[PDB]
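The first chain written gets the first letter, and so on, giving A, B, C and D; residue counts start at 1 in each chain.
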Amino acid sequence: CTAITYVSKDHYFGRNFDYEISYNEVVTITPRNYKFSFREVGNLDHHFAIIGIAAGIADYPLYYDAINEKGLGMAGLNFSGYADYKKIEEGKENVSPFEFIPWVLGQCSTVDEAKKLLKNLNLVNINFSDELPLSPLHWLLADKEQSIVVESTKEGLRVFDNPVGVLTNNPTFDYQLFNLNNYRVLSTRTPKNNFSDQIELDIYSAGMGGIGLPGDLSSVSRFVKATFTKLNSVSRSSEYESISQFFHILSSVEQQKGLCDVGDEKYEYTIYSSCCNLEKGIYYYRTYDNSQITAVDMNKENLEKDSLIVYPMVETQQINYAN
Amino acid sequence: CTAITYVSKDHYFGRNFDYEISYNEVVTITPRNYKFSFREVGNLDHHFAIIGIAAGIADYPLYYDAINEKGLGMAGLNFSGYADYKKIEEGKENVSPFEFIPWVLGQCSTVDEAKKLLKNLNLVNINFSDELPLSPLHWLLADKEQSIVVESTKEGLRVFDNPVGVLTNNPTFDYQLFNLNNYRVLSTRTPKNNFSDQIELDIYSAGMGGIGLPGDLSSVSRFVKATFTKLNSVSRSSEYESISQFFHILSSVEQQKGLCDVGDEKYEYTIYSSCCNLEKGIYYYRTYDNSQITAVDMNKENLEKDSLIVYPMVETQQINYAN
Amino acid sequence: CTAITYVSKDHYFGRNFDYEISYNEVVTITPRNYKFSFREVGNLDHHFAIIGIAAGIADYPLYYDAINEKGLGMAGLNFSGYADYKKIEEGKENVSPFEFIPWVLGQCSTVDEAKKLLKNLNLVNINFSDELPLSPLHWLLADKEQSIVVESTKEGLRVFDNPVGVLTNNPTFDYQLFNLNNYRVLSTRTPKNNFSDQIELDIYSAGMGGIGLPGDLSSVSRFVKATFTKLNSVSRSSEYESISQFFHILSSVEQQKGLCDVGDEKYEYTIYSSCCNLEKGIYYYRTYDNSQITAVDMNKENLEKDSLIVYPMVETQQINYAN
Amino acid sequence: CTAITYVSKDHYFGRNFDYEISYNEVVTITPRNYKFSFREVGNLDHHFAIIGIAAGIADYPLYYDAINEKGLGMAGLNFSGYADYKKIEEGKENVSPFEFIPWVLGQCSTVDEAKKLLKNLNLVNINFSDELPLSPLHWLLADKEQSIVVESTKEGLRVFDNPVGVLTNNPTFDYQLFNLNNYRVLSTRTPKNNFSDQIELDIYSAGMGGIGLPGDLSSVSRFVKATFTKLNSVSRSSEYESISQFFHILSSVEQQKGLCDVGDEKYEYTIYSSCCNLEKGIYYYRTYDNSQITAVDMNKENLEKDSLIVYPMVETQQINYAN
């Protein structure tokens, strides 16, 4: 997985969802009066409306990522072997990872509010059900001001400011930031010949400033390439050019089927790619097999409802036959 | 630019067109009775039908790439500083680079026929017009059997067999093939710990087999990554899954706006990406700002016409609004 | 700096000392009755004998590295910006970095004894003198069983087990170990063509298993290359062959004059390279301008003395003129 | 193998000899009146004196490398699979590779003279003897003005000017020079943060300008690292300091035993390293298990003799026991 934020007049938030198998992903709008029952903290009978992509395997919104009607985004990304969930601890707000996106997005309008809510968080090892055990995750949260990373590991709970608005998988966020130090020299412009003034070295290609940028599908490499591509991106401000650039950034680090074998020719690939406009409450997405951008606008629904609104995903290529 | 061939059940050919500006790109079908007048060789009054993307600046099909009705594809890719075009040479078929795609695709049904035709070729330095001087190019040709590369350089004209079905920009094709030797170790699977059996190294990410793959936008790096991604692609045999995979291969080496500065913030970027089905005569394309695949089917036209059939390219985002 | 341990039959310990200027580096034997006065802990009037290279100040053995007569080695390596030394803390053994090598090597026969001693350590910010402020350092300690790394940073004091027996400069040791995970594929043997079974890739060179190994002079790169070179080294048990291999490992990551400019053509270079036999108490060294190995054997001195025994370093080329 | 030139005040020439097994390598001075009998060209009964290292299994000087009394150096380096030797060709100077160093160094005082002599050369496939078939080689020649590379391949005989004064093994020299283009950015100084002006990236190590420099033992990697290390080496004030720097350049790309397995634990390693002072006719050398520099001075011999003067190499560690 790769999650990013991007600014181009509006502020966008979204992710590549990378896994082996598609589990009936749907776009789900949770309206304001859909009751959230939490196992160990107080219920939210009335809360902010949410739109995101969820696993369509329950009548509870099991979100992989989502934004709320106040412009706050949150995404859970695989963090296998690094994530550690805890026992219920007295004095803490004990929240299960499966409840965590509803818990935050339900009641926070900004990342600063999320920071205050997270001060007493303890992420607890309680499964949604026996049939559906917890995934090992870490989280990116973002609004129009800033983004943060939340990591619950064996040593504890850390909330990091994210100066680049990017997150992938393992290892911890502090290693990911540190590793960018190694790429300081990379550039969008042709470098000078610093190697030796005694010989002539030919600029035989454009793009030589970026040589050294890693192009493989591993977690650290995608973090570096997504960061360089996001930070150096240029768009145009209009919505369509803006989301175009966003999906180009995500394309840069997507995983193609066949290239990442996780054992026995079982391939990890980018099942979908999302781009959310935080100001307008629009969830846009592509899928591996549908290149066309599909848009679901949360504000076109009756957000005073109390039942989940589900949009099944367009998963076949939608071709414009021009003749 | 990056050009590739790919086989699933059908055979596909296409390219990323990477440059600073659009020369009014259009999809042009050249029907059979559109007369080709050649400056220094014999005319083709009747020939194979062709479909490709061209610069729409004249009532000649100035193709960047195309396929013909017999399943032969050809593409010209930037080769700046390496390309050399010649004086008229007696006893040769003297063909200008601007005429070259029409010359080959007009009269050859296969790459083997193209190989025979190319034995007598001399590419001459004749401009289409004063307003349109020649670009420095090299060419990939492909059919369902094989692909070749044509390069006219200062040392002469070389025709290479292309064992990977990929081409980018500079340098010469022999260096490009040779450089793949350096990447023999790359894998789709997790490597064994060969570094030392004395220590335990953790597989902290999937995709570690590919570490070493270059991710920058330079010509050689894109050649290596496109080759690795193409050769290790899997898809099912269906048309939509096949072209999905094809566009994913091209996405892997596309150039995002902002990332390749050739100047004072003059950006090289992937203006369009094409995929042609050689068996069906369908030209499919995406553009930088339209993620939806658009399809133009040469066989839906009256190929006995004698004038160019020109379709505008759909260049703005075609979004499916789901609510 | 790079410090390593290496086993043949005997156990060896040593380092490259990398800096801009050579001062009065000398080989100094501290005999058992040389009284160690400590600024905040109890004095050691009688202790283990030590041999190492020091800065050549009459009043005290200011060691860069050393071993003791019981086969325990310790080295201080530059750790600029990462090292943090503390205020005196009650209930701790408050030891200055300049006292640290004498403090450990004076009273510990093994790394296990050092581990117990270090449980109470607080490294305090007390200069040897006003004219000679503390350097920012971290430490490698080794005996014939194991090695550890000691790091005092802003977060606190950490003692790590060192599974590879290597240390360089910044960042923290945990990041250095983690980064080795990225090099699991590297091999002494020619890799298989894993890139694609569809094409023939030529083994045009020996040594291709190691491609990916970094060759620059930076701290992390030297850590990776020293580790790979040390762990894959082979040598016979005989002393001359063993220290030969050791100096070859150190040569692999040495810094050549001209290549590492730390500002206005001020060059960091490997001033000396040491190899200590822990079992035999011999300090062997080469210097940048003397390739011949020099040996100083601590057991040839009167270790019951109470005064420092100082040997100048042989700093100019000792050439065998053979004809 | 790696061969280099380096200038300090004097001009130096030398090489690492990398192979699996040491035979009877000897330092051999060929005096002026040792008759050179050539199988297919005119004999040189009187010629320039030569000193180099040879295979001491024959009464003829079978040099791996050498310099002559007029300051011209020549070295043969493994070129396996690339070297091609020819049939005797009428009108050419037909010289066997085993005769080639004597042929050039016998009669040329400069590289310019060698260039004229090489205009008619045809390197022929004639073994010295049945017990000793020809090795596949290419050659570096150097004097105080310049250096060249000689490569006889299937396509023919090519003499290149060598702008960097380095040579390794495969592939052809043109590819080796071209590949340097990929390293234009590398520097001896800390790079600017070109990655992004939006974030602060920490200079946590010196030597970061060189990141990207390859550190493995393959032929291309050693070519790049030797070139960068040689070109950015300082010059020095004395003979001793100068050859110290020279051996440091060679050390940078030496092959350590255990790291390069060409077989079933058959290790390629740097058996000897040479440094020749072209002005003084001194052959200096350091073997793998003798770190001390040994010097053999051609001018201390009677160069009017007619028989080879052969010195065994000092192959065991010469240690300075200082106490």
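The criterion applied here is as follows: a contact is a pair of C-beta atoms (placed from the backbone, for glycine too) under 8 Å apart; a residue touches a chain by one contact, two chains touch by 3 or more.
Write down the chain pair with more C-beta contact pairs when B-D is set against B-C.
More contacting C-beta pairs are found at B-C.
Looking at A-C, B-C or C-D, which one is a repeat of the A-D interface (more than half the contact pairs shared)?
Equivalent contacts to A-D are found in B-C.
Quick one: chain A and chain B, Cα centre-to-centre, how many Å?
Distance between chain centres: 33 Å.
Express in whole angstrom the distance between the two chain centres, defined as the mean CA positions of chain B and chain D.
44
With chain centres defined as C-alpha means, what is the inter-centre distance between chain B and chain C in Å?
55
Touching two or more other chains, which residues of chain A qualify?
As it turns out, chain A has residues touching two or more other chains at 171, 178, 182, 186, 189, 202, 204, 208-209, 211-212, 220, 228, 232.
Quick one: which bits of chain D touch chain A in the complex? Just the residue numbers, please.
Against chain A, chain D makes touches at 163-164, 178, 180-187, 189, 191-196, 198-199, 201-204, 208-209, 211-212, 227-228, 231-232.
Spell out the part of chain A that touches chain C in their complex, as residue ranges.
171, 175, 178, 182, 220
Where on chain D does chain C make contact in their complex?
Interface residues on the chain D side: 27, 81, 169-171, 186, 188-190, 202, 204-222, 225, 228-229, 232-234, 240-241, 243-245, 247-249, 251-252, 254-262, 267-268, 284, 286, 288-289, 291-297, 300-301, 311, 314, 316-323.
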